[PDB]
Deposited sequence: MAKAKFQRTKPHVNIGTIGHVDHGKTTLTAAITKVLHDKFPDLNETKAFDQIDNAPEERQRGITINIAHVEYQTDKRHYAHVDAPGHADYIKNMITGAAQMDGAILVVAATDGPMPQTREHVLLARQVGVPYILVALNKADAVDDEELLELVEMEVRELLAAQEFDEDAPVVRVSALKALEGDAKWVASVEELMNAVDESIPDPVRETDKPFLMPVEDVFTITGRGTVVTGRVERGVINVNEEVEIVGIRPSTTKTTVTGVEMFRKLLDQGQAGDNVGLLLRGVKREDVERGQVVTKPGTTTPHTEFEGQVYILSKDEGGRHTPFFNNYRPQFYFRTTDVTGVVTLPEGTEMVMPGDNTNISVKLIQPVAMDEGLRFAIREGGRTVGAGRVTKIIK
């Protein structure tokens, strides 16, 4: 039932691709990209390059719930391996496991023992579990059908199943819905609409509405209406309208989030990781400097803020991937990790993700 994102990282010559194909065949032999097991469906994410992996996680296009390091038993690790692992530590993949590929070609076992610990010290060097699963696999022999090796690929995928934890379900997180529209249904009160971003909401719970306006509002939801029928709860992912007790149409607006009280706080200054669209991607034609003032998109509405470049950054060019500080003109509901768009009058010119709140 749960889907899980697992990156595969490693040297191209070591069989990164080949071992992925080997996994698909071995599982497709078992149950006659994406590959699934008993427990889970798995989603493959790649990391061909560090920087444009980082781009992709900023834009949300890529996230890893765990990662497989592919190291050739023949060679053992490489100087870059240090850097591959480093990517995982930096974006913060929760758990890593290693696939000693091409293990058929190492006739003396003392060498296979030996590359193990090399790889184990790199994982240890970098605050990953030192005694984490290291599996001996032969992608190319399993593809051929050698069951000794087919069994190893099965061993590796079984390793993924036990050792990568289940990801937290979005309905178990605290409730939050960004407001799209605000209407009054005559004689029933005002109703705020949107898509439940996470958590659940129930027909007579109490909620806080956060951001945009000067002061957070606290009230209770009086009806949860999907399509035009009234339900008892609204789940993460649902399109809903929430009737709010005694909250007049003019005291809520898009860009606000309705949340489970005390869980989210408005903010006005933050540090952030950004990727700036190139001219050939549709973005700025010119670089921007130290007193830039675009609008920051957030969840449902733009909020204007002033960029501050970090000490040592002269300029930001189109295509750049860097860090900034932002002071918004009005407060917006934000947590660390939150994704936002950088827009100039309504055209996205860049993509960012909040890394540290201030004030």
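Counting from residue 1 of the deposited sequence, the stretches lacking C-alpha coordinates in this chain are 1 to 9, 42 to 69.
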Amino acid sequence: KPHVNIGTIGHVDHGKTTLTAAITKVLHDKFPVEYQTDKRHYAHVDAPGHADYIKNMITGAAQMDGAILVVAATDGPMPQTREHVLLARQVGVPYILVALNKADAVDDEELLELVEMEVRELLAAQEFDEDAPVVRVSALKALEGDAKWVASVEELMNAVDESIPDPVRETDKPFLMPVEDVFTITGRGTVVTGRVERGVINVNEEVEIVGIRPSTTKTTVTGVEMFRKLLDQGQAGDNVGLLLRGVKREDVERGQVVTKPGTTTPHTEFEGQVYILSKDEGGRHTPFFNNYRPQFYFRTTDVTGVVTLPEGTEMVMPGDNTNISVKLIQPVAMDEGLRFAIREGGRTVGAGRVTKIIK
From here on, numbers count along this sequence of modelled residues.
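As recorded in the PDB entry, 340 to 348 is the stretch of 16 to 24 and 340 to 348 with the greater mean C-alpha temperature factor. Relative to its counterpart among 77 to 85 and 243 to 251, 243 to 251 has the higher mean temperature factor, C-alpha atoms as listed in the PDB entry. Among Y53, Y292, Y35, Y297, the highest C-alpha B-factor in the deposited entry belongs to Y35. For the set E225, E271, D108, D238, the maximum C-alpha B-factor listed in the entry falls on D108. Annotation for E206: CA B-factor lies in the middle third of the chain's modelled residues. Ranked within its chain, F175 lands in the lowest third, by CA B factor from the PDB record. The deposited CA B-factor of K229 belongs to the middle third of values across its chain. Per-chain ranking of the deposited C-alpha B factor places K279 in the highest third.
When the CA B factors of the chain's modelled residues are split into thirds, the value for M334 lands in the middle one.
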